[PDB]
Structure formats: structure tokens, C-alpha cells
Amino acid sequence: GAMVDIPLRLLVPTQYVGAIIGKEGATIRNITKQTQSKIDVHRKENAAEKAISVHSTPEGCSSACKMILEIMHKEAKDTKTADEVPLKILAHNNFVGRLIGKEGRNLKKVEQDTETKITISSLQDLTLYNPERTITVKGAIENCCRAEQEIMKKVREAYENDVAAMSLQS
């Protein structure tokens, strides 16, 4: 399909970034070629964490999310650092109402359908120019990725519903 406008944005531990890029960038270029995605790495304004942006199709983003998670787990095990590495997703505060639903029922439903635990950063931790919440997903890799697919479906729909009026008028 067409690459979509809203990227998947992950927050990963800085110490695993070198592993994701790999020698002479061959790991990231491999992920890019297998998933047909544009990937970049940058700071998140609000030290031990870095932002990863994946611009792909929905399926390309989900596949890159799984490859990235597998590398981080490989690297956490291989350095005896951790046996789990939670998946952290960045989503604009405007979209997270829809994902959460009334009294968090939509989020419990994703947690139950995917066999994951999900927690969302506090509203009070946003900044004037950083409107992104962090959604922490814990569980097996395959399960975190199913939750990624569900969350990012909801975020993309909320984005397309919010901008539909202003796209028509032009």
C-alpha cells in the first residue's frame, strides 16, 4: 500500500541504540529493506532514552516494531542487562482519549485481547511543545506487537477523523 502520514514513534533505551543501527548501519538498513520503512533516531526533549520514528505502511511499521523489539531483547539478554524490555510508544495527547475510552475501558480491552499490561504517562508530564504521551506495553514480544497494531490503528483513525473537515474545505 501507500506509506501513511503518521509514523510509529518508539522510545528505546539509549544503551540498545548502537545494537539497532549495528555495524556500519547494516542492522537498521536491513530492517528498512525488510519492512520498506524510513527509520530515524533522535533525541526526545523531555538521556537514558532515544526516540525512533518508523514511516511505513501499517504492516511495515508493525514488522519494524517486532524486529526492533527482538534486537533490544537479544542485546538485553546478551549483556545480562534484562530479560524483558518494555515497548514504549509515543502518541500525541489529542489522540489518546479515543485509545483510552471512558474510564479506561478501551485500554483494558486491548490489554485483555493481547495479553499485555499497558500504562500511559501522566497528562501533567506533557510540556508546551512536547504533547506526546508515553504508552508502556509489557508482555511477550509477539503480544506487545499485537498491542502496537491495535494502538496505532486507533491513533491513525483519530488523526484521520480530526483532520477530515479541514482536508475537505481546501
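Start at 1 with the first residue shown and count on from there.
Unmodelled stretch separating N46 from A47: 1 to 3 residues (count of deposited-sequence residues without coordinates). The deposited model assigns a higher average Cα B-factor to 74 to 82 than to the other stretch when 92 to 100 and 74 to 82 are compared. When the modelled residues of the chain are ordered by C-alpha B-factor, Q124 sits in the highest third. Compared with the other modelled residues of the chain, the Cα B-factor recorded for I6 ranks in the middle third. Ranked by C-alpha B-factor against the other modelled residues of its chain, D162 falls in the highest third. Ranked within its chain, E24 lands in the highest third, by CA B factor from the PDB record. Among all modelled residues in its chain, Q34 ranks in the middle third by Cα B-factor.
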